[PDB]
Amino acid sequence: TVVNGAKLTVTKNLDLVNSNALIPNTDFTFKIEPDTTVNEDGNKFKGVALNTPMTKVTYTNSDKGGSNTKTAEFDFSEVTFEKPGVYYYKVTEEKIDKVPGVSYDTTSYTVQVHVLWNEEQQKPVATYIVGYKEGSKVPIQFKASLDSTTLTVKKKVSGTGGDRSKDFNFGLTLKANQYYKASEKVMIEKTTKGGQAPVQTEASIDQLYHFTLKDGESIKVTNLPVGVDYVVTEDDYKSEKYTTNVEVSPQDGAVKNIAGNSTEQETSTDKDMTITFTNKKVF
């Protein structure tokens, strides 16, 4: 929280709502600039602009299971300070296009660079560095929340002729995007009308995931990232005299009803999604 020297570390932390979340391929950029509000005193000065005013950290899918913490640094070594004093800067995080499901830290830090006359170098040198937000001195830390969501797929059999023991075949495809690459895995648990714990499997992005359900059974994708396109399809059972309808039901949003055996291309949001396929057979 008080740095002796000319280098200043910035830390990024990702706080995962679901600890099993997939980590998006993305960067965070931090800007340092002279503070312009400073009442230019004999002792307080507007900061001198750095040659490298931006620094950044990068997350990739492969960071999953790590600390979710990354560091970068600003370099004050090459800055020329004409006089000893306290030089003021602001440090912020910048992000042009927001990543779905990531919240951006709007914090602005005040950074004081204490520049003292130094015997060794015969000049004023950056000697220590202190940062604060609206409270005590702290390390420069930015925190973002990474939300994710879930997708539940349920099978409902209806009509006096519907077979509650029949297994219906389904496919799920999740599509790769810039944030989540092909072959990354998402966790799936299947709940069955029987004695046992749910069964855990994994689906791969860009790879058709095959599953089956009887009436009253479901699968749940427990760490679906936000912003991912997907399609769920049931096999056609018209030849066996079932009619099929889909309900696509985002938590607390408007339900979409679809005649037939497939969802259209859906894009996951921060809302939990429930998709119910109703298979009706009657005499």
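Residue numbers here begin at 1 and follow the sequence given.
- As recorded in the PDB entry, 176-184 is the stretch of 82-90 and 176-184 with the greater mean C-alpha temperature factor.
- Per the PDB record, of the two stretches 188-196 and 204-212, 188-196 carries the greater mean B-factor over its C-alpha atoms.
- In the deposited coordinates, the residue among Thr55, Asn43, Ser218, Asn223 with the greatest CA B-factor is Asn43.
- The entry lists C-alpha B-factors for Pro100, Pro124, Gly131, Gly159, and the highest of these is at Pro100.
- In the PDB entry, a CA B factor belonging to the middle third of its chain's modelled residues is recorded for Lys70.
- The entry lists a Cα temperature factor for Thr26 that places it in the lowest third of the chain's modelled residues.
- Among all modelled residues in its chain, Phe170 ranks in the middle third by Cα B-factor.
- Among the modelled residues of the chain, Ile275 sits in the lowest third by CA temperature factor in this PDB entry.
- Ranked against the other modelled residues of its chain, the C-alpha B-factor of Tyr109 as given in the entry falls in the lowest third.
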